[PDB]
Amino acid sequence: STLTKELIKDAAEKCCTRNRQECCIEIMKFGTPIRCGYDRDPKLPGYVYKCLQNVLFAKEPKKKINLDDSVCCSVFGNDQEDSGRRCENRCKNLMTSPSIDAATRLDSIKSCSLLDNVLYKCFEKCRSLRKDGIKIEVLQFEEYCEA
């Protein structure tokens, strides 16, 4: 749709170390989270995610999603059923995959939570509160999602 070989290689070159170029290209083409041996500093994968999003979606900024919104995914597990945990994990993976645009992630998350609409609305509310300046980790969903 928007991802090209040129764009992915450029993002990898601008954001990943020389030895991790291939790995960065791989997680972008497969649409997965950044691993790549960024072990010494656990905060680095997060910064690489932001760098990659900024290069891949430079022309279409609305396709980006703040990395912090991935914490909102925990709400899907409140559906104490296997499908709830499955959607929660799917959400966490999607929300930490830098090359997957917003619409694609949200369509998949909305689809797995179709029989739990209340939880999807809470997920969206959590994202709005994060955008509004609330460090969401401070509040449990029960505090701003009353259902």
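In this text, residue numbers run from 1 along the sequence as written.
Legend entry - Stretch with the higher entry mean CA B-factor, where the candidates are 8-16 and 135-143: The stretch with the larger average C-alpha B-factor is 135-143.
Inset, instruction - Tell me which of 34-42 and 96-104 has the higher mean C-alpha B-factor in the deposited entry. - result: Going by the record's values, the stretch with the higher mean is 34-42.
Legend entry - Candidate set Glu26, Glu88, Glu60, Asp68 [ranked by C-alpha B-factor, highest]: Comparing C-alpha B-factors across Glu26, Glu88, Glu60, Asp68, the maximum falls on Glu60.
Inset, instruction - Using the B-factor values recorded in the entry, state whether the Cα atom of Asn54 falls in the lowest, middle or highest third among the modelled residues of its chain. - result: Middle third by C-alpha B-factor.
Inset, instruction - Can you work out whether the C-alpha temperature factor of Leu115 puts it in the lowest, middle or highest third of the chain? - result: As the PDB entry reports it, the C-alpha B-factor of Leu115 lands in the highest third of its chain.
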